[PDB]
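**Q** Below you'll find the structure I mean.
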Amino acid sequence: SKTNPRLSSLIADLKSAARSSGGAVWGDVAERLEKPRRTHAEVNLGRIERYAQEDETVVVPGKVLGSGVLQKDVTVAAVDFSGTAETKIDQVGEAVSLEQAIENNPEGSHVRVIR
Amino acid sequence: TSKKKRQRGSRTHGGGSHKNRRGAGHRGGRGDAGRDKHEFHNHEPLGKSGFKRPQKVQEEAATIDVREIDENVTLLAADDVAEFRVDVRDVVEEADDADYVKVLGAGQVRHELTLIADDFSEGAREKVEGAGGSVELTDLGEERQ
Amino acid sequence: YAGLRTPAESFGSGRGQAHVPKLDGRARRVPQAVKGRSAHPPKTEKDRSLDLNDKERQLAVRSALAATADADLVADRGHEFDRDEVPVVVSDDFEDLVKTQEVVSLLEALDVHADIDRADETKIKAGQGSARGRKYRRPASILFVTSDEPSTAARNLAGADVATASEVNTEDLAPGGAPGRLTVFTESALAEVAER
RNA sequence: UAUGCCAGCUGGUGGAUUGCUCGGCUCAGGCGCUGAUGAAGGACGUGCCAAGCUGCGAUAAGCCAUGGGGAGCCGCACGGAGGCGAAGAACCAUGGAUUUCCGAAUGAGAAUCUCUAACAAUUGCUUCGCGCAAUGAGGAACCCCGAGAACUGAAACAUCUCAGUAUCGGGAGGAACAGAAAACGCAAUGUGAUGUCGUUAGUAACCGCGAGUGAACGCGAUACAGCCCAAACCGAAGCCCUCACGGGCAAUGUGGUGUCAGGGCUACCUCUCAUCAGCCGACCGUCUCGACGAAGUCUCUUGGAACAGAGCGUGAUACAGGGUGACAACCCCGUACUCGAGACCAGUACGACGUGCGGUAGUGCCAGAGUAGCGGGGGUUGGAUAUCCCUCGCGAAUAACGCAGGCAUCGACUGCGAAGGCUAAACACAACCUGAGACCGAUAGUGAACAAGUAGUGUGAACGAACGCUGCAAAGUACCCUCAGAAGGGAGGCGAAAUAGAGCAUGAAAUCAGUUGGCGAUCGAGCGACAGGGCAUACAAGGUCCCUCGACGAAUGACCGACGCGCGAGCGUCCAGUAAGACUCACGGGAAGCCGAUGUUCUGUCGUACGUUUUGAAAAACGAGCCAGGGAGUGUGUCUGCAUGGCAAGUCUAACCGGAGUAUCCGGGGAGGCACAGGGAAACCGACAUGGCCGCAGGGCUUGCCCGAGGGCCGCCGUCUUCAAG
RNA sequence: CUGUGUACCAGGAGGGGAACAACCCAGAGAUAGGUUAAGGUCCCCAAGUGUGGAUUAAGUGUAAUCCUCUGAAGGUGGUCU
RNA sequence: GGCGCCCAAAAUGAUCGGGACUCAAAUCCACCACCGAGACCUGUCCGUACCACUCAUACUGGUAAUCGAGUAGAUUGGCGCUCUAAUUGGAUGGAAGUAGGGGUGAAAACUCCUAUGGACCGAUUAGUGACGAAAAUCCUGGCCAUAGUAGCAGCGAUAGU
RNA sequence: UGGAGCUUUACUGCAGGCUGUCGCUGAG
RNA sequence: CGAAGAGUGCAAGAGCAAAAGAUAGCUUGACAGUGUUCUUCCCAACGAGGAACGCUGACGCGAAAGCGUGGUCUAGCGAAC
Ligand SMILES: [Cl-]
Ligand SMILES: [Cl-]
Ligand SMILES: [Cl-]
Ligand SMILES: [Cl-]
Ligand SMILES: [Mg+2]
Ligand SMILES: [Mg+2]
Ligand SMILES: [Mg+2]
Ligand SMILES: [Mg+2]
Ligand SMILES: [Mg+2]
Ligand SMILES: [Mg+2]
Ligand SMILES: [Mg+2]
Ligand SMILES: [Mg+2]
Ligand SMILES: [Mg+2]
Ligand SMILES: [Mg+2]
Ligand SMILES: [Mg+2]
Ligand SMILES: [Mg+2]
Ligand SMILES: [Mg+2]
Ligand SMILES: [Mg+2]
Ligand SMILES: [Mg+2]
Ligand SMILES: [Mg+2]
Ligand code: NA
Ligand code: NA
Ligand code: NA
Ligand code: NA
Ligand code: NA
Ligand code: NA
Ligand code: NA
Ligand code: NA
Ligand code: NA
Ligand SMILES: [Sr+2]
Ligand SMILES: [Sr+2]
Ligand SMILES: [Sr+2]
Ligand SMILES: [Sr+2]
Ligand SMILES: [Sr+2]
Ligand SMILES: [Sr+2]
Ligand SMILES: [Sr+2]
Ligand SMILES: [Sr+2]
Ligand SMILES: [Sr+2]
Ligand SMILES: [Sr+2]
Ligand SMILES: [Sr+2]
Ligand SMILES: [Sr+2]
Ligand SMILES: [Sr+2]
Ligand SMILES: [Sr+2]
Ligand SMILES: [Sr+2]
Ligand SMILES: [Sr+2]
Ligand SMILES: [Sr+2]
Ligand SMILES: [Sr+2]
Ligand SMILES: [Sr+2]
Ligand SMILES: [Sr+2]
Ligand SMILES: [Sr+2]
Ligand SMILES: [Sr+2]
Ligand SMILES: [Sr+2]
Ligand SMILES: [Sr+2]
Ligand SMILES: [Sr+2]
Ligand SMILES: [Sr+2]
Ligand SMILES: [Sr+2]
């Protein structure tokens, strides 16, 4: 039983999208976010660096942390970013919230789920 | 509603037969009783091993992996730039209450680094130099003979 | 030691009675005995406090501060006002008011006094709290946040709470955890609050 | 229909319940010694009438003074009589008077009395005289010094554990104890008296190496403060009593000097401002107590009463709380603001008097002995070779010396001077004062809201209950009748209410009397559930129900008739999946104890309680007479999951500090913990920010093909063991 | 008494078995209509005093299972085929 | 070969459950028709699980021949009690409690009416627990049957009228 | 893997007695 | 003549014939290190002990393949301090 109202709306949004638009990643991300917090992702830059490719939004069904180096110009969408992750990322790419990703890409196309 | 809250009316509160939840017999003895007999399974076996050197004759080195130093070069703008030069002793936390600072070779060194520490590992040198870098021992580091 | 001050003993088997400790023919000590000890009573040793990570708490004070700038939220919480803009900001000279009524006029002029009319109605609670001095309770109304000193002029207003910008807390901004209290900041207080 | 069953009604009994709180329980702040100048405690007295409580002491619920206070008063305790008070009483603060006997109990003795001047007894001083003094005993716990179990844990048990606990003996104070290094030993170019708090840490150490036990240095805080002798060199330069005279002490040393920044002496330099002795003497702050203190008692309605509803109005640096005939900021106390007093801080801080700091050179002048240390035996401790202590025995040096730095010896190095002493502050407790409360609310909460340590039990040590509520106002029932009657009853009076009339708010159940409904003297026992009948029923809070016919019509499913089989009972085919078919609805008619429902009873079907023990319970296994009320997963610390939330290569502060709206809260504090690298007993050494293949989800595409986090299978890397290898 | 495999009782209602933990039917939400199962159809008690035929005269018998329902060795010009 | 007969004795009253039964109401061989569960079939509803839609675990629609018994135990939603807070209500035009009665809910329980009572009482949300009794030869208090019953006689002191 | 009383050449200890030795403890 | 009735240390069952038995000769593998697997403990966790099977070292015998990690196999065994 999530207690955070925001995480709760974000989930309702992801669903509305996956159902209305051609989403599936969004419904897949909502699925995981509905599971308990220990299962949510905690990803450091190093991993996003190792598997991300330009022109393919990285979607982390959790929170992005700041260990390691990110040089690729990638747009990372996540539930949250640590103050440092958002900073290190903005230097080479763009950090956006899933609320925005669903906004520009309700069809959830050209995306890479990273955990 | 919690388990506890649902117990009224149950009589045994989950203990099974009411002849169960009595004294230490239901636990096979108090504390670790039977650790070498009935409740012997999954217990470090009985024994006496090794020895300990006196605490004031022990040395605690402060260590750091190249990977940590390398991943933060540019970030360490407050730590020299030449043909980067870094005095580890000024990077590693816990360096005061430590006998000496040692650089370990875990990870990659994607830069030309000139490192200054009291000690390095064979692999730490190989990596730093292999990147056109150098390694310099402190005067304390002179205790390497 | 309540209920334990007795040498009462149990005869045991023999006289057709349950094995209950008795003294002078009256049962004692045991929990099922009238005048007996309390089996699992309230304990002094119990830690009745709650820890709160400073970051989590500061985030709550800021989140409560924000709730203040939402007239809809504020109206939802229950307050009775007639403005569109909230929080209500006032001239630093507010801090110089001395008479309570000088503040009433200002609140009427600001169409905020209705909330005080709301608090001007105490409730006589149901239950024994009254026997312990908790006979009354009243609605929470306007919170005045100044910066130099808590407004002595406003504090006595029905349900009014006065606070200073450097230490105004979550309970001030959200009485009982209910976000969106009808606030009125002082121009200077408004600024100091920016860095909490 | 007697005896009787079930339910209800009226009235009892009972005292649950609801409401109320003069008492508790807990936390917080403050404050903190009494006694031979006879305490604490106890006994016995003491009032106009006086048994209990409280007070007081032959001056006896009191006497005196100063201040406050004020028209009233004579305690709890609402009676009667009488008295006191403007000669200012009561009442309160402070100070004083009186203060029987027993009691440390002290002239001797004694169950609170007696017998013939008394510090008894032990001491110090001593005018050697009890002349001057001291000790004694009490106190809620706290504190210091000694003596010191067992149940228990180890699933037995002896070491160990419980535990240096319970308990015992001695003793101090408002706090105790400790304390200015023969320290520490992050070993150092380092710290710098002592407690305490947080941490270091369940680490080191102990241990049938089992169960278990368990520090320190340091660090962060709190608070901070350092000094005095013995001796050397001086040698009566001195101290105590007394007004004095005079006496006592003191060469076995009073007094000066000095005290590891060693000192002394000799010779110089310079200087005072250290220290020590003594004088003056707070601010502020905290606790408590006290003075002052705004604004409605307006209208209408209801009511026994307005603090209610409706309307009009007002204060607020005061909308805490209480009282008042019902919900009150504005009726009364008080509360905010402001002010005063006492106590504590504290005889402290500051200031001031006196004194004199310190430094050079020479000088083997001085510097605590049954000690340091060793051995025999024990205890204790984490103390292990390396804790601390007791006991028996042995036993050194002299600063050019000695001790310590976790086995012993020798050297080096570093630290430090034991065997004499004092010392504020920060910390414990809770008698006492005040405050507070998500504590209890009269079988609770104290044993105790009441007569409470009461009544009562025991030879004694000791043990030990129960009892709260009339009313707005006693208006607490006049008069009358009855009666043996200050009884009780009837009538009457008061009041909103006497079904508020004395354990007198409310008034449950068990249960009792009377009575209503149903059953009832030919009939059968888990007392019922379900269905259907009888009889019973004021309203209200439920309004449905019955009968014709008609519509719909699941599974199922015919009679009759016709034809054809069978020895026969009977069957087959067609009629026909038709008529019929539960429920539901519509039309028409009807019911008002009528339908539901409730009570009881009758009929039918099923049925030998409930809880427990048990393979098996109606059990001839266990428990309870009945009812009400009471009656069992709670706390701390540690560990390990889990859900949610913050932050994230980090994360969290602890003690504590500042602020403030003063236990909350805002800010500060990262000491330290866990995480960020492991392997090894140790020495010591020290890793994949990805190299390959599968492939879920998801993405892409030209729809089987790519990309494929996570995951899966391998490689390789660190280390231990290793002639390698494994 | 002690094994083993299995289904049942325990922890399993409801229908039957006179009653009856584990034998038979049967595994069961509520309510309703219908048709069966085991087992029954002379009465008690729902359904036959059913049909064709045989045997038995002992009240044999009207008793699946069973601690529970007995009936044996030995015999029988009882009677039927 | 079928049925039967002898063999064949037990303690309070005989038995196939009983009555009772003889071309049977017995036994055996065939057959015919019926009775009889909660099983099976059928209508409606409930719960649960899964599906579709959805923010929803709220509605709505759909699927269940292959869902519907349960001791010990595991898991989850909900009822009720105390006091705290926030939000918001009721009460002298009569609160709580109690008695009798009506309505809802599978249920814990909720609610109304009448009488009594005569002053306090809730709801929602978040908390807080000395939070629920039919049982312990459980405790304390009260009360009934026992019962107008036993005793009020017995002793070397029969005591009276 | 209850308790207590009692027993003994049960296990383990503790008083007590005997005996040696050191101190007290000295001269030839 | 004779597949095995002998012998093979010891219970019992099992194995063995140009041998696993007998005789002769030679030899010390009854060796060191480290594992895999099974067993102990079916299924299914549990130690010591055991066995089969590897890798490395050093050896013996043999022409050599090969055999030898004790006696043909299943008993002959023991934690911490
Ligand atoms: Cl990562
Ligand atoms: Cl219907
Ligand atoms: Cl529990
Ligand atoms: Cl529910
Ligand atoms: Mg255990
Ligand atoms: Mg009690
Ligand atoms: Mg209440
Ligand atoms: Mg034990
Ligand atoms: Mg102390
Ligand atoms: Mg043991
Ligand atoms: Mg130390
Ligand atoms: Mg009591
Ligand atoms: Mg009464
Ligand atoms: Mg059972
Ligand atoms: Mg019939
Ligand atoms: Mg017979
Ligand atoms: Mg609300
Ligand atoms: Mg109860
Ligand atoms: Mg009788
Ligand atoms: Mg014994
Ligand atoms: Na007592
Ligand atoms: Na506590
Ligand atoms: Na005091
Ligand atoms: Na004398
Ligand atoms: Na039992
Ligand atoms: Na039973
Ligand atoms: Na029986
Ligand atoms: Na009785
Ligand atoms: Na005994
Ligand atoms: Sr016990
Ligand atoms: Sr063992
Ligand atoms: Sr640190
Ligand atoms: Sr007995
Ligand atoms: Sr200091
Ligand atoms: Sr000395
Ligand atoms: Sr040494
Ligand atoms: Sr009582
Ligand atoms: Sr006695
Ligand atoms: Sr009358
Ligand atoms: Sr039809
Ligand atoms: Sr922090
Ligand atoms: Sr991988
Ligand atoms: Sr018939
Ligand atoms: Sr017939
Ligand atoms: Sr026939
Ligand atoms: Sr029998
Ligand atoms: Sr038989
Ligand atoms: Sr026979
Ligand atoms: Sr069910
Ligand atoms: Sr079920
Ligand atoms: Sr099931
Ligand atoms: Sr309880
Ligand atoms: Sr009686
Ligand atoms: Sr007589
Ligand atoms: Sr007699
Ligand atoms: Sr072999």
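All residue names refer to the structure tokens as shown: chains lettered A, B, ... in order, residues numbered from 1 in each chain, ligands numbered from 1 in order.
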Find the residues in chain B near chain A: any atom within 9 Å counts, using only C-alpha atoms. Write them as a PyMOL selection string.
**A** chain B and resi 68+71-72
**Q** Deliver the residues from the most recent selection as a file, using N, CA and C atoms, as a short mmCIF file (atom, residue, chain, number, x, y, z; two decimals), in the first residue's frame.
**A**
data_model
loop_
_atom_site.label_atom_id
_atom_site.label_comp_id
_atom_site.auth_asym_id
_atom_site.auth_seq_id
_atom_site.Cartn_x
_atom_site.Cartn_y
_atom_site.Cartn_z
N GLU B 68 38.32 4.75 -8.17
CA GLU B 68 37.71 5.85 -7.46
C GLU B 68 38.41 7.15 -7.81
N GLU B 71 37.63 8.02 -11.72
CA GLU B 71 36.27 8.47 -11.96
C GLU B 71 36.00 9.89 -11.45
N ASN B 72 36.94 10.47 -10.72
CA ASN B 72 36.71 11.81 -10.18
C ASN B 72 37.71 12.89 -10.56
#
**Q** Could you tell me which residues of chain A sit within 9 Å of chain F when counting only C-alpha atoms (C1' of nucleotides), and give me the result as number ranges by chain?
**A** A: 8-9, 11-13, 15-16
**Q** Could you dump the residues just selected with C-alpha atoms as a short mmCIF file (atom, residue, chain, number, x, y, z; two decimals), in the first residue's frame?
**A**
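Output below, filename out_35.cif:
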data_model
loop_
_atom_site.label_atom_id
_atom_site.label_comp_id
_atom_site.auth_asym_id
_atom_site.auth_seq_id
_atom_site.Cartn_x
_atom_site.Cartn_y
_atom_site.Cartn_z
CA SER A 8 0.48 6.80 -6.75
CA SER A 9 -0.61 9.25 -9.47
CA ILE A 11 1.34 4.93 -11.60
CA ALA A 12 -2.22 5.80 -12.57
CA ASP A 13 -0.76 7.91 -15.37
CA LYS A 15 -1.51 2.97 -16.88
CA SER A 16 -3.81 5.47 -18.54
#
**Q** Would you please give, as a PyMOL selection string, all residues of chain A that DSSP assigns to helix (DSSP H, G or I) based on the backbone?
**A** chain A and resi 5-20+25-33+37-39+45-51+83-90+98-104
**Q** Distance limit 10 Å, reference ligand 41, atoms considered: only C-alpha atoms (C1' of nucleotides) and all ligand atoms. Which residues make the cut? Give them as a PDB file with N, CA, C and O atoms (P, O5', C5', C4', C3', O3' and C1' of nucleotides), in the first residue's frame.
**A**
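Everything below was put into pocket_7.pdb:
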ATOM      1  N   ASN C  53      13.987  11.497  10.526  1.00  0.00           N
ATOM      2  CA  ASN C  53      15.182  11.927   9.819  1.00  0.00           C
ATOM      3  C   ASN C  53      15.023  13.415   9.527  1.00  0.00           C
ATOM      4  O   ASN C  53      13.967  13.837   9.058  1.00  0.00           O
ATOM      5  N   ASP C  54      16.051  14.211   9.818  1.00  0.00           N
ATOM      6  CA  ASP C  54      15.975  15.653   9.583  1.00  0.00           C
ATOM      7  C   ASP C  54      15.537  16.024   8.163  1.00  0.00           C
ATOM      8  O   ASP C  54      14.721  16.933   7.985  1.00  0.00           O
ATOM      9  N   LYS C  55      16.064  15.327   7.157  1.00  0.00           N
ATOM     10  CA  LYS C  55      15.696  15.615   5.775  1.00  0.00           C
ATOM     11  C   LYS C  55      14.213  15.358   5.548  1.00  0.00           C
ATOM     12  O   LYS C  55      13.511  16.177   4.943  1.00  0.00           O
TER      13      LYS C  55
ATOM     14  P     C D 647      14.111  12.796  -0.786  1.00  0.00           P
ATOM     15  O5'   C D 647      15.629  12.374  -0.569  1.00  0.00           O
ATOM     16  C5'   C D 647      16.500  13.248   0.144  1.00  0.00           C
ATOM     17  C4'   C D 647      17.764  12.545   0.555  1.00  0.00           C
ATOM     18  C3'   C D 647      18.610  11.856  -0.497  1.00  0.00           C
ATOM     19  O3'   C D 647      19.369  12.761  -1.300  1.00  0.00           O
ATOM     20  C1'   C D 647      18.482  10.493   1.431  1.00  0.00           C
ATOM     21  P     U D 651      23.939  11.294   1.731  1.00  0.00           P
ATOM     22  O5'   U D 651      23.151  10.543   2.890  1.00  0.00           O
ATOM     23  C5'   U D 651      22.242   9.472   2.603  1.00  0.00           C
ATOM     24  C4'   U D 651      22.108   8.578   3.810  1.00  0.00           C
ATOM     25  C3'   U D 651      21.914   9.320   5.118  1.00  0.00           C
ATOM     26  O3'   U D 651      20.552   9.630   5.334  1.00  0.00           O
ATOM     27  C1'   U D 651      23.606   7.686   5.383  1.00  0.00           C
ATOM     28  P     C D 652      20.177  10.943   6.164  1.00  0.00           P
ATOM     29  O5'   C D 652      20.539  10.537   7.655  1.00  0.00           O
ATOM     30  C5'   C D 652      19.660   9.705   8.418  1.00  0.00           C
ATOM     31  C4'   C D 652      20.263   9.403   9.767  1.00  0.00           C
ATOM     32  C3'   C D 652      20.690  10.577  10.637  1.00  0.00           C
ATOM     33  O3'   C D 652      19.590  11.169  11.316  1.00  0.00           O
ATOM     34  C1'   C D 652      22.319   8.854  10.736  1.00  0.00           C
ATOM     35  P     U D 653      19.323  12.753  11.188  1.00  0.00           P
ATOM     36  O5'   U D 653      20.551  13.442  11.939  1.00  0.00           O
ATOM     37  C5'   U D 653      20.580  13.572  13.380  1.00  0.00           C
ATOM     38  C4'   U D 653      21.324  12.411  13.989  1.00  0.00           C
ATOM     39  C3'   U D 653      21.544  12.453  15.485  1.00  0.00           C
ATOM     40  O3'   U D 653      20.426  12.058  16.237  1.00  0.00           O
ATOM     41  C1'   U D 653      23.530  11.750  14.427  1.00  0.00           C
ATOM     42  P     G D 669      27.140  21.915  12.690  1.00  0.00           P
ATOM     43  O5'   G D 669      27.300  21.044  14.017  1.00  0.00           O
ATOM     44  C5'   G D 669      28.234  21.408  15.059  1.00  0.00           C
ATOM     45  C4'   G D 669      28.283  20.331  16.119  1.00  0.00           C
ATOM     46  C3'   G D 669      28.646  18.942  15.613  1.00  0.00           C
ATOM     47  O3'   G D 669      30.056  18.760  15.652  1.00  0.00           O
ATOM     48  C1'   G D 669      26.723  18.824  17.011  1.00  0.00           C
ATOM     49  P     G D 670      30.870  18.439  14.305  1.00  0.00           P
ATOM     50  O5'   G D 670      31.139  16.863  14.341  1.00  0.00           O
ATOM     51  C5'   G D 670      30.062  15.915  14.313  1.00  0.00           C
ATOM     52  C4'   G D 670      30.558  14.551  13.870  1.00  0.00           C
ATOM     53  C3'   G D 670      31.305  14.535  12.543  1.00  0.00           C
ATOM     54  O3'   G D 670      32.177  13.407  12.541  1.00  0.00           O
ATOM     55  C1'   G D 670      29.225  13.420  12.301  1.00  0.00           C
TER      56        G D 670
END
**Q** Kindly provide, as a list in words, all nucleotide and amino acid residues lying within 12 Å of ligand 39, counting only C-alpha atoms (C1' of nucleotides) and all ligand atoms.
**A** residues 477, 489, 490, 491, 492, 493, 494, 498 and 501 of chain D
**Q** Step one, run DSSP on the backbone; step two, keep only residues of stretch 67-184 of chain C assigned to strand (DSSP E); then write them as a PyMOL selection string.
**A** chain C and resi 88-90+123-124+136-137+143-146+161-164+183-184
**Q** Could you list the protein, DNA and RNA residues that have any atom within 6 Å of ligand 17, counting only C-alpha atoms (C1' of nucleotides) and all ligand atoms, and write them as a ChimeraX atom specification?
**A** /F:87-88,124-125
**Q** Please report as a PyMOL selection string which residues of chain A come no farther than 10 Å from chain D, using only C-alpha atoms (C1' of nucleotides).
**A** chain A and resi 1-4+24-26+28-29+36-38+41-42+44-53+56-60+63-69+81-84+108-115
**Q** Mind giving me the straight-line distance from atom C1' of residue D:78 to atom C1' of residue D:473 in Å, one decimal?
**A**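 The value is 13.1 Å.
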**Q** Counting only C-alpha atoms (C1' of nucleotides), a student should be able to say which residues of chain F come within 7 Å of chain C; what is the right answer, written as a list in words?
**A**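 Filtering chain F at 7 Å from chain C with only C-alpha atoms (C1' of nucleotides) gives residues 85, 86, 87, 121, 130, 137, 138, 139 and 140 of chain F.
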**Q** Could I get the residue neighbourhood of ligand 22 at 7 Å, counting only C-alpha atoms (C1' of nucleotides) and all ligand atoms, as a ChimeraX atom specification?
**A** /C:44-48
**Q** Need to verify the contact set: residue H:39, 12 Å, only C-alpha atoms (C1' of nucleotides), exclusion of same-chain residues closer than 5 positions in sequence. Can you return it as a VMD selection string?
**A** chain H and resid 49 to 52
**Q** Go ahead and write the selection's residues with C-alpha atoms (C1' of nucleotides) as a PDB file, in the first residue's frame.
**A**
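What follows is the written file part.pdb:
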ATOM      1  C1'   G H  49      33.965 -42.849   9.888  1.00  0.00           C
ATOM      2  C1'   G H  50      33.888 -45.560   4.882  1.00  0.00           C
ATOM      3  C1'   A H  51      34.102 -46.494  -0.446  1.00  0.00           C
ATOM      4  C1'   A H  52      34.490 -45.824  -5.600  1.00  0.00           C
TER       5        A H  52
END
**Q** Would you please work out which residue, of C:147, C:63, C:166, C:141, is nearest to chain D when using only C-alpha atoms (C1' of nucleotides)?
**A** C:166
**Q** Please identify all residues of chain B having at least one atom at most 8 Å from any atom of chain H, considering only C-alpha atoms (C1' of nucleotides), and return them as a PyMOL selection string.
**A** chain B and resi 41+46-47
**Q** Considering only C-alpha atoms (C1' of nucleotides) and all ligand atoms, tabulate each residue of chain D that lies at most 9 Å from ligand 40 along with its nearest interatomic pair and the corresponding distance in Å to one decimal; arrange the rows by chain and ascending residue number and present them as JSON lines.
**A**
{"residue": "D:553", "atom": "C1'", "partner": "ligand 40", "partner_atom_place_in_ligand_line": "1 (Sr)", "distance": 5.8}
{"residue": "D:577", "atom": "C1'", "partner": "ligand 40", "partner_atom_place_in_ligand_line": "1 (Sr)", "distance": 8.4}
{"residue": "D:578", "atom": "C1'", "partner": "ligand 40", "partner_atom_place_in_ligand_line": "1 (Sr)", "distance": 8.6}
{"residue": "D:581", "atom": "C1'", "partner": "ligand 40", "partner_atom_place_in_ligand_line": "1 (Sr)", "distance": 8.5}
